[PDB]
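If you want full-length UniProt numbering, it's the 1-based position in the sequence shown plus 12.
Cβ coordinates follow ideal geometry from the N, Cα and C atoms, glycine included.
The block underneath contains the structure these notes are about, expressed in C-alpha cells.
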Amino acid sequence: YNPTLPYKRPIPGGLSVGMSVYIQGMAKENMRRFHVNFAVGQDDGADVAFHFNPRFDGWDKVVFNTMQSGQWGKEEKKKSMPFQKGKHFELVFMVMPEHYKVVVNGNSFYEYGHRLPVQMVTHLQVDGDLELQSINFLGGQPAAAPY
C-alpha cells in the first residue's frame with residue numbers, strides 16, 4: 013500500500029485465467045520508462061511470462077516481451093503512449109484464455125498472447141520511473157489473502 017521500489021508481490025493463490033491485476037500509480041515528471049513483470053519466481057533473475065515496458069524516448073511507445081531461460085524473445089510493441097509524465101494512471105491487466113488484455117485509464121490498449129503458461133506466474137514485479145500506489149488482485153481463489 014504505497015510501497016517503495018522495486019516492488020515484488022506474491023500472487024495469493026497463484027495466477028489463473030479470469031483474474032485481473034489492478035495497478036494504480038503515477039508516472040514521474042521526468043519518466044523515461046518503467047515496467048511490470050508477471051514473473052515466475054521470487055528472485056531477480058526469474059523468468060518473466062509478460063513484460064510490460066512503457067518507454068519515453070524517440071518514438072513514445074510500449075514494449076512487450078517474454079523472458080524464458082534467461083533469454084528475451086521476439087519483442088512486440090505499440091507506438092503509442094497511454095501514460096503521461098507526472099500524471100496519475102490506472103493500469104489494468106485482465107487474464108483471458110488467449111492473452112493478457114491491457115487497459116490504461118479505461119482505454120483498451122493491447123492484447124499480449126500467452127507464451128508461458130499463465131499458471132507459472134507467482135509474482136508481480138514493478139520498477140522504474142514511477143510512484144507505485146497499489147497493486148490489487150481480482151477473481152480466482154485468494155487462498156491466504158483476506159478480503
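Taking residue i and residue j to be in contact with their CB atoms under 8 angstroms, please state how far apart those CB atoms are, rounded to whole angstroms.
| i | j | result |
| --- | --- | --- |
| residue 39 | residue 97 | 5 angstroms |
| residue 177 | residue 116 | The question about residue 177 has no answer here: the residues shown for the chain are numbered 13 through 159. |
Buried or exposed for residue i, please, with buried defined as at least 16 other CB atoms from any protein chain shown within 10 angstroms of its CB.
| i | result |
| --- | --- |
| residue 49 | buried |
| residue 103 | buried |
| residue 144 | buried |
| residue 13 | exposed |
| residue 157 | exposed |
| residue 151 | exposed |
| residue 37 | buried |
Taking a contact to mean a Cβ-Cβ separation below 8 angstroms, would you say residue i touches residue j in this structure?
| i | j | result |
| --- | --- | --- |
| residue 124 | residue 111 | yes |
| residue 142 | residue 43 | yes |
| residue 63 | residue 78 | yes |
| residue 130 | residue 27 | yes |
| residue 109 | residue 29 | yes |
| residue 33 | residue 105 | yes |
Out of the options, state which residue places its alpha-carbon closest to the alpha-carbon of residue i.
| i | options | result |
| --- | --- | --- |
| residue 76 | 82, 65, 84, 69 | 65 |
| residue 127 | 118, 53, 60 | 60 |
| residue 8 | 93, 83, 84, 86 | Any question about residue 8 goes unanswered here, given that the chain covers just 13 to 159. |
| residue 47 | 140, 119, 83, 17 | 140 |
| residue 18 | 41, 146, 34 | 146 |
Using 8 angstroms as the Cβ pair cut-off and three pairs as the minimum, do the stretch 132-147 and the stretch 19-36 touch? yes
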